[PDB]
Amino acid sequence: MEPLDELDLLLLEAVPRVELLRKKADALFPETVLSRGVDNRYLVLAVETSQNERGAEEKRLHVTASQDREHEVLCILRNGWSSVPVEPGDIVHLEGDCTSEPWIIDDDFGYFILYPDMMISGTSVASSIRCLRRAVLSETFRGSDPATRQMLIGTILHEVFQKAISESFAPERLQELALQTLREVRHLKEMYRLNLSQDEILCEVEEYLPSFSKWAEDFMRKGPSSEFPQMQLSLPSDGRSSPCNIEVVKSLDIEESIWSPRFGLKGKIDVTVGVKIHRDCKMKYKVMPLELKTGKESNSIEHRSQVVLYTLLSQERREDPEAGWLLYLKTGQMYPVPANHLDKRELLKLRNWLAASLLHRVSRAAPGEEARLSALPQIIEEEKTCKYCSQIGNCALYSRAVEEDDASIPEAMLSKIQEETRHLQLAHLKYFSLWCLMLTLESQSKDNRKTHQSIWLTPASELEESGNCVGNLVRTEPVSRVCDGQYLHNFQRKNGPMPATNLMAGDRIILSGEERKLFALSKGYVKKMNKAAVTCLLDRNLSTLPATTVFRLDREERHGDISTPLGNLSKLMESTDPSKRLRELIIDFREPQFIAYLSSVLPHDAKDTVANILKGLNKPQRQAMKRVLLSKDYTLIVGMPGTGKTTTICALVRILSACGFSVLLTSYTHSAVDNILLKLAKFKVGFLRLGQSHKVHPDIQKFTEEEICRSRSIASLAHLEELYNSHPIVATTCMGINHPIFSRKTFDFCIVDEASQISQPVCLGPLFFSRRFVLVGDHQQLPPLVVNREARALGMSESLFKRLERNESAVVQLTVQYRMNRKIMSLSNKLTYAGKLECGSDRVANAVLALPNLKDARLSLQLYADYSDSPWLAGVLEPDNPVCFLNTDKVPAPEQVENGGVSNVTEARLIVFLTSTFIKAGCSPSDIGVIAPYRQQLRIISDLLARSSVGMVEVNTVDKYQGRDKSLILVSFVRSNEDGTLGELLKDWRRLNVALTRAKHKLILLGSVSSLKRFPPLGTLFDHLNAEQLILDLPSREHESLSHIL
Ligand SMILES: Nc1ncnc2c1ncn2[C@@H]1O[C@H](COP(=O)(O)OP(=O)(O)O)[C@@H](O)[C@H]1O
Ligand code: SF4
């Protein structure tokens, strides 16, 4: 903007601007429908402040509930509402009634719900009264309130009381309930975690119990209504003065789980109760929310506010209860909490700021330029609140790693921040700060930002046709229990039939009812799947309204996955000796040490056993074992394809075991960890498997903590502790580091399988409990998946394995492979592994595809085709031609583009033929893998294969094929285009590599050389394929052979 002239012409003034905001809201809230009435969703278009009275702020909002940009509705926020931080492009909901006419919301009328699909927990909202920062930090570093003793006592009491209210408050029965519940594995675990006495906890819990009885005698007495406790309860309901008499009749519901699209609130109502309010000689009956509190009898604002929010939650399910109850089990003293409009308003205003703070996490600085982490809500001046925070750790830490001549942040706190973060170096802070930034961006990616609107706005049918919304279902079969909050249910349709789609038994599913009034309820996972019925395990028992009730099941999306990574990052920053050690080895790249071999590096007694184990192993394997044994810090085992990383890890574990080391065995997937374990079972090496026995492989389930417990009926801290110390080897996944075992045990060694696939901050986790570690991986194979472009660009896809690989001292390669025949090996060897792979034997080397009856299959195919078009088919089927590229050039084989995805029906039809041929040539479908790069193309190939009713071969992307192999791999590359649209995906070297290494005996590759050559990995492949003349050009679709397929 120089000349007079630019200024002139740079004067704008609506249409691209309005549309750019629709894009803006779609970034964070994809597919927000926009609506009128009860569940209104309005898109903000314009925001300004004005002056009424004199010096009185108003906020002038221009909003729309429709996409046609002439449906503009005006809106004025007054008093405290005017200060809510709405910018344009936000999605809002006016719960202050209306939509009929929004106009004015102020002190005395209306609620404004900023980012309504963002359902924040009321407890976090209450927390933020005192400190908004503390709340945000709570929401995001979820583990930095460690489980205290009181929290344990707290849970136990809540639970006893819930059990009591459905039964009796008679002291012997309360004592019984206390006795039973103190023995539940769940609580034993926590006692274990906290190294507490079982009996001491029992004792402490027992002292509360007479209060339980006093309360029940007071309120649940069944006498004259004169004689119930007497208090003022000023409701909406007309007349609100004069005392009245309170009778709790029954508990109606316990742990009522409520999600509010209306207020952007979620909550769990401890106990829902039937209450009779007695008024002179008349009575009113109200279903009301009661919160149990295990601390001091504070009647704090936090505590009351909580209950106020529970009243709002309630409206999602029933009539507005107007008030709620605080119990304080310590004393048996119930307090009324009335939902005043002032409260409901004050809290919902504060709730907005919380939603804003949790959403406005990455800053541009110039709408388009590189990312920053947005600074959190500022540090308070209330130096008393601070004192006892626990979040102070992360607060000081977030401050120092992301802050700003200034500060002017309280100087009694400015020193605490330094005490807390004096142990850390600049590198460390930089590392923390970046890893958050990356994680946040990843978390905020559009894909993992879908709202629950599908569940509560569009009904059952419209959604079942795809994705997952199975829903016209009733239950009648009695609900079984399993343990605590894992109830087994059984559902099927009204009247008769009805379908399936993408709803595979194992899936995370959310179970709502029919009507909007029964949304949320219970969440869980699927057990089995008939097309007559559906069994799933849930956290809630669901009796309350039988028969009449229709239920919808739906899918899900986390992203708040980022809690675990964030945890590990926070733990890394702690000043403990293990965290220092990891800081230096990881952040500071301190060189790992290895000692030189001596006679007694191993316990004398281990040596025969170790020598035997070694003698089983190929040389680089032995070299690997040596490096681990000589390690002082860590070892990196490179598991090149087919080299037997599962056989190797088992061997290491056997050697370490023989040496009298404790080993923590971890991986990314349950499958991978279980595979190693299955091998170890054979060798009769003992181990305990942590994790959920349904996610654990069938034959390992016997070794599970879950199974062992139920099996051997473990009902004492000592017997649980016995099980925990029963095995030197403990096996879990990288995510399962939250187990109470890691509160109390450390290990000589941690081993991480698939270290190269696991995201770096996740991989970090099990290491905190290990003295020396071993990462197993191959960076030539797939990296951790990083969806967000920008994040990927900052280094987010660098596995911990690769990071540490820059110390070659620590790296040992597994190079002798047992998967590929020399021809198939030769490929990946020339392309990727710089000639380092060798065959495990001549057997492996010379193996060609098992095809028992080519003879009559070659004939049956000539019943339409030709023998004079042997060019390809003969070269394709010939087992002695193990590598083969089929060029879809002289037949046109065009790609089709449909909404983000790519397909190719020519290639699809082509491989489906080839598959059918090879099964008919005697290769079983089980031994066959189909690989395509495009999600969309896989669908087409599955369909076409079902059409040919040969369905037993798997079609998939490389991801779902890592460290598995098939005897015959077939690859449709799908890209085939005029000379334009060029993938990002095919450009990837590693993905190609995985594709070329899944095949044992026959590899078949199919795509258009013309367009494929434009991708470097493919370009180079074509070069090596030309040297051996392995490209075979397909004839025209006209030609006799192809004609009948197309
Ligand atoms: N040192 C070795 N000597 C002989 N065969 C081996 C050796 N290491 C691995 N193998 C073979 O290689 C194959 C691959 O190992 P396996 O653990 O079954 O799957 P993967 O290692 O590919 O996960 C096995 O069938 C195994 O017999
Ligand atoms: S420490 Fe004080 S300021 Fe930092 S979060 Fe906790 S409360 Fe808010």
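First residue shown is number 1, and so on along the chain.
If you're wondering, the header gives X-ray crystallography, 3.0 Å.
Using N, Cα and C of the backbone, Cβ positions are placed for all residues, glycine too.
Copied from Swiss-Prot, the annotated features are:
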type	residues	note
BINDING	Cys131, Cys386, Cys389, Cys395	[4Fe-4S] cluster binding site
BINDING	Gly639, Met640, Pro641, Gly642, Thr643, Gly644, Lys645, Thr646	ATP binding site
Legend entry - Set of same-chain residues at least 6 away whose C-beta sits under 8 angstroms from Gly644 (ATP binding site): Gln621, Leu814, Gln817, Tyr818
Legend entry - Extra residues within 8 Å (Cβ to Cβ centroid of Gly639, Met640, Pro641, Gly642, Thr643, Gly644, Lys645, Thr646), ATP: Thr648, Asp778, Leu814, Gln817, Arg819, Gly963
Legend entry - Winner by Cβ contact number (other Cβ atoms within 10 Å) across the binding-site residues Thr643, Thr646: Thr643
Inset, instruction - Look at the binding-site residues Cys389, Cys395 and tell me which residue has the greatest number of other C-beta atoms within 10 angstroms of its C-beta. - result: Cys395
Inset, instruction - Using C-alpha atoms only, work out the spacing between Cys395 ([4Fe-4S] cluster binding site) and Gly639 (ATP binding site) and round it to an integer in Å. - result: 41
Legend entry - Position of peak Cβ density within 10 Å, selected from the binding-site residues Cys386, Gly642: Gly642
Inset, instruction - List, in sequence order, the residues of the same chain other than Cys131, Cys386, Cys389, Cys395 whose Cβ lies within 8 Å of the centroid of the Cβ atoms of the recorded [4Fe-4S] cluster site. - result: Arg133, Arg134, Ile379, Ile380, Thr385, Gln391, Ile392
Inset, instruction - Output: those binding-site residues from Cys386, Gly639, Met640, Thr643, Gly644, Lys645 whose CB lies less than 6 Å from an atom of ligand 2, in sequence order; none if no residue fits. - result: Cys386
Legend entry - Close-lying binding-site residues around ligand 1 among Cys131, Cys389, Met640, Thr643, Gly644, where CB distance stays under 6 Å: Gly644
Inset, instruction - Provide the number of Cβ atoms within 10 Å of the Cβ of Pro641 (ATP binding site), excluding the reference atom itself. - result: 25
Inset, instruction - Round to the nearest Å and tell me the distance between the Cα atoms flanking the 6-residue gap, namely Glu13 and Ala14. - result: 7
